[PDB]
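Data first, discussion second: the structure below is written as structure tokens.
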Amino acid sequence: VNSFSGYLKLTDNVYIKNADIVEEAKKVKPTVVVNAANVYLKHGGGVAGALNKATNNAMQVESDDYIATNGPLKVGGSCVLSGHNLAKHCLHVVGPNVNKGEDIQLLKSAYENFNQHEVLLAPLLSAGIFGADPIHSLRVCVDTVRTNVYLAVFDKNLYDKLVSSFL
């Protein structure tokens, strides 16, 4: 048993809810919250900007030190950093940004990072402002992630569309 509440069960391991991932993280304090990161860990908007704002910019300070030491992530890659006030850990995962021209095939590689963690609170990778079709992102998630993932869909109207269309 875990502390996640009000999720619809899609599969053996994937759960979904219409929720603000920031508010969900603040309530649950999960072991791992996933950030929809870019390779520079520049947390400007979407899930990254919202998560970073909720940490009072401490996520960005930590991230800048990480990049100064290690250089940029790969598209499809990840790093584990602090979860600050939101979670034990933040898994920063880089899905491909369609609005920058990146290979959508890299979305499966991005979701494979989730399999290194038994339980995660996460957004749909490459959806929202990263420009991918969220229906596609949910299908790749279900077909790739084998660990237990609690998906926070921000957009109420999209949540209803994802549930209704789910195969």
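Virtual Cβ from ideal backbone geometry, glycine too; neighbours counted across all protein chains shown. Only the coordinates and a few stated rules stand behind these numbers; no lab work does.
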For the stretch 129-148, the count of residues that are part of a helix (DSSP H, G or I) and either touching a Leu at 6+ places or on another chain (Cβ under 9 Å) or of a type in the set (A, V, I, L, M, F, W, C) (or both) equals 12
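Check 15, 111, 40 and return the single one that is surrounded by 19 or more Cβ atoms within 10 Å (Cβ to Cβ) and either more than 15 Å from the chain's Cα centre (by Cα) or among the aromatic types (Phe, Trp, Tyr) (or both).
Values: 15 fails: surrounded by 19 or more Cβ atoms within 10 Å (Cβ to Cβ); 40 fails: surrounded by 19 or more Cβ atoms within 10 Å (Cβ to Cβ).
Checking each option against the conditions leaves just 111.
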Q.
Taking the conditions exactly as written (closer than 22 Å to residue 156 by Cβ, surrounded by 15 or more Cβ atoms within 10 Å (Cβ to Cβ) and within 17 Å of the chain's Cα centre (by Cα)), does residue 76 satisfy them or not?
A. no
Scanning for something surrounded by fewer than 18 Cβ atoms within 10 Å (Cβ to Cβ) and under 16 Å from residue 95 (Cβ atoms), does the stretch 145-156 turn up at least one residue? no
Listed by first then second residue, the pairs whose first member lies in the stretch 49-73 and is among the aromatic types (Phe, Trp, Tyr), whose partner is surrounded by 13 or more Cβ atoms within 10 Å (Cβ to Cβ), with beta carbons under 7 Å and at least 6 positions apart or on separate chains, are 66/41; 66/79; 66/81
How many residues of the stretch 85-107 are within 17 Å of the chain's Cα centre (by Cα) and surrounded by 16 or more Cβ atoms within 10 Å (Cβ to Cβ)? The answer is 15
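Can you tell me which of 1, 22, 39 is more than 28 Å from residue 166 (Cα to Cα) and among the aliphatic types (A, V, I, L, M)? Spell out how you get there, then give the answer.
Details: 1 fails: more than 28 Å from residue 166 (Cα to Cα); 22 fails: more than 28 Å from residue 166 (Cα to Cα).
After ruling out the rest, the residue left standing is 39.
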